[PDB]
Amino acid sequence: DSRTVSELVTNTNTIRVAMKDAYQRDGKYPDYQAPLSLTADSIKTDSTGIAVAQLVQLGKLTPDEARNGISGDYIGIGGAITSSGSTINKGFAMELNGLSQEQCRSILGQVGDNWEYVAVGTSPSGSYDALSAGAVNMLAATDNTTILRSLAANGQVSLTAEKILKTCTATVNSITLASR
């Protein structure tokens, strides 16, 4: 469903800018609070510190821009680290869950170059496996199948069509995008 993919791709850009704008004054980004309890009602009211709910409450996102229309979940957003021994979320990460191989490849080809960190996982609809385990390590080494691009030494990898074919190789795929 190309309309849904297109919407998610366009939204990814809006979320990136929203996060940078909202949390520039602070100098660091919020911890992950799962968005999996949110509904089309409570995206507008939730007070537990879920990033996408905060961006909606700030007017930076509409309620639908916060939602992954492929998985049916509100989009997961958590912290990311920018140095090896750090406890501070100097970056942020968003995860796009529940993607078929074809959806994953389409999205990667349309957004992957816009981010400093790009990883592919297998998080299903209903789960955010890349964010629920703590801040994302933006310095993870790149490899063929899972960490595509990162802030690591030699992590600035060109996301060629052939490299994208080497990933999203699972039945159910997910993409994690992170930035300073």
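With ideal geometry, Cβ positions are generated from the backbone for all residues, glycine too; neighbour counts draw on all protein chains shown. No lab work stands behind these numbers, since they all come straight from the coordinates.
Tabulated data
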| item | result |
| --- | --- |
| Under the Karplus curve 6.51 cos²θ - 1.76 cosθ + 1.60, θ = phi - 60°, whole-Hz ³J(HN,Hα) for the range 148-164, x wherever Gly or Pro sits | 7, 9, 7, 7, 4, 3, 6, x, 8, 8, 6, 8, 6, 4, 5, 5, 5 |
| Reach of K90 by Cα under 19 Å, taken over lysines that are not fewer than 8 positions away in the same chain | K20, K28 |
| Cβ-defined net charge surrounding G121, 10 Å radius [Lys, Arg +1; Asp, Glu -1] | -2 |
| DSSP bridge pairs, the chain: antiparallel proportion in percent, nearest 5 | 90 percent |
| Helical contribution to [θ] at 222 nm, DSSP H n ≥ 4, -39,500 (n - 2.57), averaged over the chain, rounded to 500 | -7500 deg cm²/dmol |
| Residue-wise HN-Hα coupling along the range 115-124, computed from phi with Karplus coefficients 6.51, -1.76, 1.60 (Hz; x: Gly, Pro) | 10, 6, 10, 9, 9, 10, x, 10, 6, x |
| Local electrostatic count at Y29 - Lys and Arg +1, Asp and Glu -1, tallied over other residues with Cβ under 13 Å | +3 |
| Percent of C-alpha pairs per 5 Å bin, the chain, short to long | 1, 9, 18, 23, 22, 15, 8, 3, 0 |
| Contact order normalised by residue count of the range 122-180, Cα under 8 Å, 6+ apart, percent | 34 percent |
| Cα-based reach from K163 at 18 Å (exclusive), listing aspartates and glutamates while leaving out same-chain residues under 8 positions away | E102, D113, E116, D143 |
| Reachable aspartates and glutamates, given that their alpha-carbon falls under 12 Å from the alpha-carbon of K60 and they are not under 8 places away in the same chain | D21 |
| Centre separation in Å (Cα based) which lies between the range 73-99 and the range 1-72 | 13 Å |
